[PDB]
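In: Generate coordinates for the sequence data below:
(chains A, B, C, D, E, F, G, H, I, J, K, L, M and N, ligands or ions: 4)
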Amino acid sequence: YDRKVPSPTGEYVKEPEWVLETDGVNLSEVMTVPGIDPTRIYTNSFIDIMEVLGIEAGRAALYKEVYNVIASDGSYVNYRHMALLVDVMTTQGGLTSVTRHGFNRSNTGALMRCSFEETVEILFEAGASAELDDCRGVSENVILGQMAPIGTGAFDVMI
Amino acid sequence: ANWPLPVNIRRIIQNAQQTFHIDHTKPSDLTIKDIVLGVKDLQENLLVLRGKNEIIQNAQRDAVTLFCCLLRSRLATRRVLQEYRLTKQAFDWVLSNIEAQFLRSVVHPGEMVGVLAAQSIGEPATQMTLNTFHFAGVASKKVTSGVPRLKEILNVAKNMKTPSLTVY
Amino acid sequence: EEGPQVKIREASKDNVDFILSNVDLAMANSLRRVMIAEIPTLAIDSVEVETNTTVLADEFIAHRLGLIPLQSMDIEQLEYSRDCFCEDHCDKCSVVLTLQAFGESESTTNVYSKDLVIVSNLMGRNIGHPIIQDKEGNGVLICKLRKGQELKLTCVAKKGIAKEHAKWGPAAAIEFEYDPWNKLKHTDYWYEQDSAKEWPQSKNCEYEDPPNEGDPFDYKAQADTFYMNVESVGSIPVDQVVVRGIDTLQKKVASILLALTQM
Amino acid sequence: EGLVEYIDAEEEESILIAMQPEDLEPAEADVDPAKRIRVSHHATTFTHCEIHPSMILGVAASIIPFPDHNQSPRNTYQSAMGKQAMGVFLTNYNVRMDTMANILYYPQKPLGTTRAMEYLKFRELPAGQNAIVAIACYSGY
Amino acid sequence: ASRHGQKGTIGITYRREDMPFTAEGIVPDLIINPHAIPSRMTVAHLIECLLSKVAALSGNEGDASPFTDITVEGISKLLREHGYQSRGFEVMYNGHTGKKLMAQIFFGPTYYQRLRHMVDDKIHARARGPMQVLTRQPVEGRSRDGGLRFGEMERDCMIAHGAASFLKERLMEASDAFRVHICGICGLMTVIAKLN
Amino acid sequence: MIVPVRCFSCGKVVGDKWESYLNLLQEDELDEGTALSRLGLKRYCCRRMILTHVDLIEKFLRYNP
Amino acid sequence: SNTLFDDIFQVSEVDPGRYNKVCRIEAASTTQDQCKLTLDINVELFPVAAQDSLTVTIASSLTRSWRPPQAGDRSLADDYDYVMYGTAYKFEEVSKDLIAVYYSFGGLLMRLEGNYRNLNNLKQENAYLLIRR
Amino acid sequence: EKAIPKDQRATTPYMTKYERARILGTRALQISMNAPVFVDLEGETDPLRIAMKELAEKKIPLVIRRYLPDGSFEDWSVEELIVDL
Amino acid sequence: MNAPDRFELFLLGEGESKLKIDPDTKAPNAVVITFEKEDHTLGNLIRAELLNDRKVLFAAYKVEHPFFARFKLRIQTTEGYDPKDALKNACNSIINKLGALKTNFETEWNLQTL
Amino acid sequence: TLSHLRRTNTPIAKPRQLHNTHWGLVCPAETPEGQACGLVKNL
Amino acid sequence: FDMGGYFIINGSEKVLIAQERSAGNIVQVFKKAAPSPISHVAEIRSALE
Amino acid sequence: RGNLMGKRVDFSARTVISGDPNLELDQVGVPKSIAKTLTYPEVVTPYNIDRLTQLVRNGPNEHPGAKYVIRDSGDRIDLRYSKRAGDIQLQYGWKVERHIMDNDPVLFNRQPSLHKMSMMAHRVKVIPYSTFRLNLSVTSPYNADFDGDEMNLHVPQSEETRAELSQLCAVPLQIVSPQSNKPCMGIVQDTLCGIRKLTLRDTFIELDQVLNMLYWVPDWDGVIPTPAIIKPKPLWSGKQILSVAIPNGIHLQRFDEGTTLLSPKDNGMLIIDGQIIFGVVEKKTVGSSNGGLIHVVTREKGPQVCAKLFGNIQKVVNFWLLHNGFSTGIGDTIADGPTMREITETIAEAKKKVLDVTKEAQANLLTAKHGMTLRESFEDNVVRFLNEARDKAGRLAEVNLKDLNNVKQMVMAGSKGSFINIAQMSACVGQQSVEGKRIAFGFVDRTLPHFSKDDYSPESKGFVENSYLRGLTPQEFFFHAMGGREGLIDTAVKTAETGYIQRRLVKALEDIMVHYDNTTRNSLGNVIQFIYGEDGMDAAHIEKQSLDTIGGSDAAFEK
RNA sequence: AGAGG
DNA sequence: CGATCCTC
Ligand SMILES: [Mg+2]
Ligand SMILES: [Zn+2]
Ligand SMILES: [Zn+2]
Ligand SMILES: [Zn+2]
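Out: Numbers count the residues shown, from 1 in each chain, chains lettered A, B, ... in the order given. Ligands and ions are numbered 1, 2, ... in the order given. Right below this line is the structure:
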């Protein structure tokens, strides 16, 4: 692998280093092996990073992964965008997927959740628990034909 | 070195060089105290959060850390006099311009950043071409990239197609 | 004579090849444009169909009727119906043509440009007569008729220019070339090996001296001496396409001059 | 007379085919640089021969000029567009009372044709016109 | 379209005089952009034209059959015999000025097709009209004077922009805004509307 | 479907050259290219007008009414 | 005012690097043993070959809109064959006592090395270049 | 209750684009509804163009209620809000 | 369907004046004339001749949109020369050149036999 | 019309691809783009 | 020029589209999954004409 | 999903789109009929009274007119039918549903709406002819092209609604985009190609053309610039007359490769004030680049000034090109006689490398490389030799291309084309792949029945030796057809999948916004980020800049 | 159901 | 238990 390291004269230089690529994952055991740099060990399995190194490390790996898909194509998206998506999957304590059983199962608005998937049943179990909808979500105000607290609606205008 | 940051200091400096008709032949009316303390004072007024307490003052300190690293490096006493060759009048204008542009660069509350982020990722994804891998030329570069990879990520796949472990 | 000069090399009933020396490129082009577009002519601009039992649709026939060349020698002594003070049309602004054909023979009956016949009072003007160029003695083939087939219609021929519709063009392609030796460096020849060998030399190269190899480029030089060939449809004669061309241009320049007086 | 034979994909497995008659089976012992590079013979135990390689194509693709000089999806794109193009669909058009009919006023036979077209009756019921086209940057419209 | 996967709508129509012309007076019926060529790699389009040009001059049917020995060189050799530059290039003059163009144009005949679905068959606009019975929302299709769908995908861009009021206007005033009566007890649409 | 009057490109009256074109091929036994030249169709825009025309009318005239 | 620089140079190299009308001239002054010159010349109007004696001058006058050359009784500061207008863009010093000046004549670049330039060339959008013989 | 004190206000003194657009919109709506103009019109006929000059001369009688996430809010007058943009 | 009538190319509408002389605000002794229902035939011809006059400082024309048959002509002349006079001189000079050409063709035409 | 009369439909192991065995039997080019690509074949 | 091969049903011309199906009485072998207890299957889709 | 998140709406128009080099960036060409259908409810005030009453008497069939008239007590007067349509003397407080007219804010949309830039507010320009007309530089954010595409138009009905379009959604505002912190618009096609050509050192213009070009700029000061050449001809360079389009105070510097402040290759860029010092203007400058002319102009001069710049550059460049001309023929794909000899022998020696490896493999002398099959090694090598061949041959061809080569000219500008295009059209198409590997044995141990069993030679496994210019052999053709089909299936598959991903992304993030305490929160008020993107900065006001303390040697840092 | 981007 | 957008 190609590595940019500082020379004793100050300037950064190319120092080629031996790296091992593995067809398989067992981070737990491999990092405890001698002769390796356990500070540097990496895997594309962000789940495995999260399980071994914690949620904050998982967030780092998750971004690294999302970024890599975009970069490979040639495209560039500003950091903050992926950072937001990555943080959203991370903030729940673990890894909340962008599926119907991921974010849609979360404690959000009954109307804002039925707008995505499993529409009828989302409302059914909402009627069983007798949920009180905040009506602070975009989707609820969209459905209710009201000016949402989005940009222009984020504040009130007084006389 | 090259990182996306607010305020283009290079552009401000060159704007002063033209505006104030700076000549690289006349000695500057600046003093060491003017430059050193001027840049020091400018750093105090680069606002993002206006909280009168310890938590928000340290949060504000943290937010501006990197841009100040840039500010210091660009507006050093040697550089201002040796490179730029700015005057007191020109240097003062540069300082006012940075502060104004920085506050102008801050995100406006109400900004639907959620939809912004989603679309910013979603659109380039639709534009993707070789979803398998462009590394197909070599037999030892077999990693699921493009659209199927993004799909594995977003769905939080219990089993990846190409699970790898890069060891250093 | 005086200013711009003309040298006719080839002249016939259909084409006029000439050298237009002592002129500006702007004038050479303005004359070329006006010849194609702004000289007025007479063409069918209304078709009232009585009966149409042919294989073709009415508008298909009507479209090609407008395309039929008609005598436009005395077109200036005919009004544009738009300026005429009548109701619709008359003998001062239009020519009425009649066409009646029937499948008399078992064999296919053809409808020719000759089969149109003037109804309107011509008032002694060489106008309206369908132009017959074909040796066989018949003009443009309009339609083909079987046996039971019949076609009866009336045509109103009106005054107009090519800008309104391409049918009003005394037109046909106008050949235009200036500086055949590329001495003015007005173009940059695309090549693979040799521009001189790859590009074929013009007919007009005989009429101009070739550049002397290692001679400095003539920067100050301007475009004069134009090689043109004006082809006529038959509506208006060749000489008249060019003369009325000069004349139309002349008139519209004078039009502007007069507008400065109204101001 | 058994000079020709019918072969399906399963029997295709057991046979050895030659593309051209002459060029694929003459003898051996200078070349035009303009002409495309072709393999050689190499295979020798030929049992059958391709009547004409251009027969691998079907109806719509048989209308394309020089598809052997085109990118593979461009040939695919045209095959869908040829079916959108106007022309004389049938001689009895004015006698039929059908929903939607589009007939070109003056249809023209293509200046550049394929040999397949003769059987496809393209020059008899054409779908376009031979337009004098200029590939140029003019008004930018 | 050409017989080469080259889709394209009309941009503008020019009369003969504004069009560029050859030294012969030949003007194009059509003008295509050189940019719609390199990425597309429709080399045949250019060859067809070269062939079709020689064909029109010689008064013959051009062989454009696939697996043949017809070469760009052979066609070019024939076109040059007709007194034109071998690769289809032709000196062209500007219609407005009369001045020669600095560039030489690839000019010649090419079979083009008049495809279905024309502008006028598509041009639709509605500023109020018939409403669907069940939903009390604008109808579907132009052939019914229908309303265009401001889908959820479009809704998202309005949220991104932060145009709260326009997003509300589209979802009410431009579609199905309605007045219902609610009670402060059960909070349901139970309330019997007895106006005046 | 019947010989067009005038060349779309230039406007040279071609609507009177067909009957003569057909005669030059059938009776005179000439080649299309040399036959086109004899009718005075010098430019390739005029040449494609005739050489490329399909006279469908003759097929339509075969239906009774 | 008047002139700002005047010297007679000798052409060492003449390069038409992919241009059919432009050449990049490498010249050294016949008098001064340290004076250099690098300049883009339009050979189509004024051709320059190997070993030519060129009289190079930098004037400043003979603001405002350009009027066509109606030389009825007009007098421009030239008994010269080649005239150019340009802008000063970089005054980079090479060494201890060797200054270099950069001039762009609408893209046609120019570099002049030495030290006799002094407080004359001082940064200006105003710059006239005149060449004769 | 709830509100915020006049002294020590954390929210940006600078007017937001959304604040500006809403203010400009609401004022244009009232100008179109024949409400009085608080600036000398200089051939101005468009309600939005007039409102722009009213914001330029700071003669708009409106207050922005900046709702904070904890349910609370901050009251800011257009007269005090800086319009850099 | 949305296609404008062809007479609108050469025919003036209601209230449509041929020339509209407008004084330029950017330059001294400068005018902008808007020619209505006119194209490159008249534009390029007048502009090229206006340029031939050594009393004219600036002369340029433009057809801002091909949909409409208008054209703007900008003239700047030396102090003591009105642009309307410069345009009048150009027009006459053009007619004068055309008149010469007309008889010149007529003369050579009457020398031919075919 | 000729093309319609010579069409093939494959309902619903990769069937969308132009398999080798299609040589001389099914057209390599003629197939709809998107939705039902390589499932709708032409002889 | 009409080629036929279609039907006239209530005035409308109807073209019957060739339906691609897998041939019967064919003996095909497959390797089955990764967790599966069974590793290889031999299949025959028996049918009568 | 179909009636609440989205629905069909009134005041909507859809039509085929067409390009207009004479329309402003932020303008939209609305056909007369469409303008005559859509209306705006305008209340009668003494400011509009006369205009409204004229349009009211203009009727619903004459363009600058009106449809309905709303009275007090709310009742519409149909101007197409009313017997009082002639009469109607207006009152204040009444609404007049006037036709859509010039400079009205309208929302222009191109589906799929994957962007905020897919929906932008445009200024109206009513035009004849049935198409919706737009500026080519606005093509990219909408991802449109004029090959049959259609676009929707939505009309605001309230004063505050149009204010939201003009102050937030306007086209000039969206120029510099927060997605990639760079401009999402730039100079394309003719204008991109033409700018490179005009901007060359060789390019010189005469007084006659100069004045015409100067006048084309609408903003022009009226001051004729002093020509670069005043020798036996007053001659202007292309650079000079284009600098007229660039406003004052614009400073830009680049440096590419051979760039030395003396730019011998005329590369890089240097712009000081409203004048370009050196370097050819192409995609890197005038495109939608990060440090480009557009990002610079938007940030320095403003959005309205920058939007004007698109028009100015376009008006000049297109005019010059209109009179210069630009084409592309079959002649541009033709590479030299000796070049073809080299190309043919390049592929020949590549075929030998493959044969020798084959011979080595068959002899069991091919070594066992760790992590891969003896046969996997072979295929890896073979594919490498075959790709190396295509590239070497392509380079051999692209090197022979003259600077007058219209295809080379387009790539150079950055308007259209890339190396790969030249290489395939002129030299060699190359190897074809399906499922990542080269053409597989569909038949028993053979790819086609024209080949023999067990043949691993390049020709038998999808290697197309010939260029499109030469023509593909039947085998080559079928093989390119196989690989082509895969690309089309992958297209069809992608569009549907990527679309669903985007929907899920949008749905999961909807309610996340920056609150008044500079914190990123959702609908429950839960903290996502404590400062937006860790700094609380808006992405559009950000750009790449070198932190000078990190780099260099210690000695250089000290110096 | 078939097509257009 | 989901699978881009849009018209016939
Ligand atoms: Mg498209
Ligand atoms: Zn009358
Ligand atoms: Zn109740
Ligand atoms: Zn013709």
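In: Pull the contacting residues for residue 75.
Out: By default, I'm working from chain A. Contacts of residue A:75 were listed using Cβ atoms under 8 Å, 6 or more residues apart in numbering or on different chains, and they are B:124, B:127, B:128, L:180. To be clear about C-beta, it is placed using only N, CA and C from the backbone, and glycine gets the same treatment.
In: Can you look at chain E instead?
Out: E:47, E:50, E:51, E:54.
In: Where does chain F get nearest to chain K, which residue?
Out: residue F:59 (8.7 Å; Cβ to the nearest Cβ).
In: can I assume that residue is in contact with residue D:93?
Out: No: taking contacts as Cβ atoms under 8 Å, residue F:59 lies outside contact range of residue D:93: 10.9 Å.
In: Most neighbours among the contacts of residue A:75, which one is it?
Out: Neighbour counts for those were taken using other Cβ atoms under 10 Å in any protein chain shown; the highest belongs to residue B:124, with 21 neighbours.
In: Helix, strand, or coil at that residue?
Out: With DSSP: H, G, I helix; E, B strand; the rest coil as the basis, residue B:124 sits in helix.
In: Contacts only, for the residue of chain E found nearest chain K.
Out: Chain K sits closest to residue E:116 of chain E, with a gap of 18.7 Å, by Cβ to the nearest Cβ. Taking Cβ under 8 Å, 6+ apart, we find residue E:116 in contact with D:84, D:85, D:86, D:102.
In: how about the nearest residue to the second one, chain neighbours excluded?
Out: Read that as residue D:85. residue E:113 (3.7 Å; Cβ to Cβ, 6 or more residues apart in numbering or on different chains).
In: Just to check, the one you found is in contact with residue D:81?
Out: Yes: at 7.0 Å, residue E:113 and residue D:81 qualify as touching, with contact defined as Cβ under 8 Å.
In: follow-up on the earlier one: same drill for residue F:59 and residue D:93, tell me which one is more crowded.
Out: Each of residue F:59 and residue D:93 has its neighbours counted (other Cβ under 10 Å); residue F:59 has more, 17 against 14.
In: Would you tell me whether stretch E:19-27 gets close to ligand 4?
Out: No: against ligand 4, stretch E:19-27 shows no contacts by Cβ under 5 Å from the ion, the least distance being 7.0 Å.
In: So is that stretch next to chain D?
Out: Yes: Stretch E:19-27 is in contact with chain D by Cβ under 8 Å from any Cβ of the partner chain, via E:20, E:26, E:27.
In: filter these by proximity to chain F?
Out: E:26, E:27.
In: if we can go back for a sec, now do the shared contacts for residue E:113 and residue D:81.
Out: Shared contacts of residue E:113 and residue D:81, defined by Cβ under 8 Å, 6+ apart, comprise residue E:1.
In: between those two, which one's more packed in?
Out: Applying other Cβ under 10 Å to residue E:113 and residue D:81 shows that residue E:113 carries more neighbours, namely 22 against 19.
In: got the contact list for the more buried one?
Out: Residue E:113 touches D:81, D:82, D:84, D:85, D:86, D:127, D:128, E:1, E:2, E:3, counting by Cβ under 8 Å, 6+ apart.
In: Figure out the helix or strand that residue F:7 lives in.
Out: Of the helices and strands defined by DSSP states H and E, none includes residue F:7.
In: need the contact list for it.
Out: Residue F:7 neighbours (Cβ under 8 Å, 6+ apart): F:14, F:45, F:46, F:49.
In: Isn't the first one up against residue F:4?
Out: Right, residue F:14. Yes: Residue F:14 is within contact range of residue F:4, at 6.4 Å (criterion: Cβ under 8 Å).
In: Name the residue in these two with the higher neighbour count.
Out: Neighbours per residue, other Cβ under 10 Å: of residue F:14 and residue F:4, the larger number sits with residue F:14, 24 against 20.
In: what sits against that one?
Out: F:3, F:4, F:5, F:6, F:7, F:41, F:46, F:49, F:50 are the contacts of residue F:14 under Cβ under 8 Å, 6+ apart.
In: The residue of chain F found nearest chain L: neighbour count?
Out: Closest residue of chain F to chain L, Cβ to the nearest Cβ: residue F:44 (16.3 Å). Burial measure for residue F:44: 30 neighbouring residues, criterion other Cβ under 10 Å.
In: Residue 43: how many residues sit nearby?
Out: As the question left the chain open, I've gone with chain A. Count around residue A:43 with other Cβ under 10 Å applied: 23.
In: ah, no, chain J please
Out: A total of 14 residues lie near residue J:43 under the criterion other Cβ under 10 Å.
In: do you know how far it is from chain F?
Out: 27 Å (Cβ to the nearest Cβ, to the nearest Å).
In: Chain H versus that residue, what's the distance?
Out: 61 Å.
In: show me what contacts that residue?
Out: D:58, J:6, J:8, J:25, J:26, J:27, K:18.
In: Now do the helices in the chain.
Out: Assuming you mean chain A. Assigned by DSSP state H, chain A shows helices spanning A:27-30, A:46-53, A:55-73, A:79-90, A:110-114, A:119-129, A:138-143.
In: My question was about chain D, not that one.
Out: D:9-12, D:72-81, D:117-120.
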